[PDB]
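Okay, here we've got a single chain as structure tokens, the form deposited without the partner chain, with questions on binding and movement later.
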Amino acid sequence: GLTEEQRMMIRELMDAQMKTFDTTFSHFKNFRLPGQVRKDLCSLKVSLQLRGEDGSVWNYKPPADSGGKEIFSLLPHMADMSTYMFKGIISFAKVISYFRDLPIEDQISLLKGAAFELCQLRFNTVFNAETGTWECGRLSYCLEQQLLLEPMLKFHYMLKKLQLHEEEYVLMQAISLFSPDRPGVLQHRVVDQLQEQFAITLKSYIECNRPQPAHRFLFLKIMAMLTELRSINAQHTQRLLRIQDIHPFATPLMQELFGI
């Protein structure tokens, strides 16, 4: 069985999840809309849909470029989504006692490392693998011959396949958040025992709640998924810095987290 402090751990995570993750995106408003290395971007093409309160529907089909400049038509908006996401992610971290109790300099450092990952983890819960779309309340972002060649895309598909519970998602969010090996983490021992206790909790939760043979090695699959995601996080920083080189798009908060 799952021990007392393990039940205690999950419950504080599930709580911070519900307090800070607006699953319907009700409060995403005031966002901008569309008025050489770029295989980076073209693999990530999406169409956008806004359902009005009243029943109206607005749709955006992006331009298939051969030229150069129209690939950016959607970055202002994406930069607005990301800011709104990162704010929820920060609120999530600060509502966790394990996190509050680290030194401030460590708070900042853990966040700057995992913000993207926690965010991609949340988007996975609103992803629909049948239709290749992220359903964000009134927004939908729909992927423009099955190409899991883009690591980020293969990540969402593979992870959705595992059909995790909300508790498994929030714990994954914890392991990723409390990673001992992120630039400028002073308290590497604490953050390391903390991560291990989250991992152990995940391991037990699975042993206890998923007894069926399809859920063999799930804990290990999840753990590999998280390793994959760290790799994708680093590749994405490099892509993003390249976009900044040629055009500033990053909101203040994105500059704060990506280190500029």
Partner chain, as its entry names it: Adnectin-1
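Numbering follows the first chain given and starts at 1. Shifts are known only where both forms have a C-alpha. Rigid core: the largest C-alpha set superposing within 1.5 Å between the two forms.
Keep in mind that the form solved in complex with the partner chain is missing from the display, and what follows is about it.
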#### Entry: Site check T20, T83 and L111: each within 4.5 Å of the partner chain in the bound PDB entry by heavy atom
yes
### Query
How about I104: is it within 4.5 Å of the partner chain in the bound PDB entry, going by heavy atoms?
yes
### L2 within 4.5 Å of the partner chain in the bound PDB entry, heavy atoms
no
### Message
Even though the partner isn't displayed, in the bound PDB entry is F116 close enough to the partner chain, meaning a heavy atom within 4.5 Å?
### Response
no
### Task
Decide whether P252 counts as a contact residue for the partner chain in the bound PDB entry under a heavy atom distance cut-off of 4.5 Å.
yes
### Task
Scan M78, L153, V95, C142 and let me know which has any heavy atom within 4.5 Å of the partner chain in the bound PDB entry.
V95
### Query
Rigid core as reference, CA moved 2 Å or more between the shown form and the other one - which of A214, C208, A224, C42?
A214
### Query
Once the rigid core is lined up, which stretches of 3 or more residues in a row have C-alphas that move 2 Å or more between the shown form and the other one?
212-214
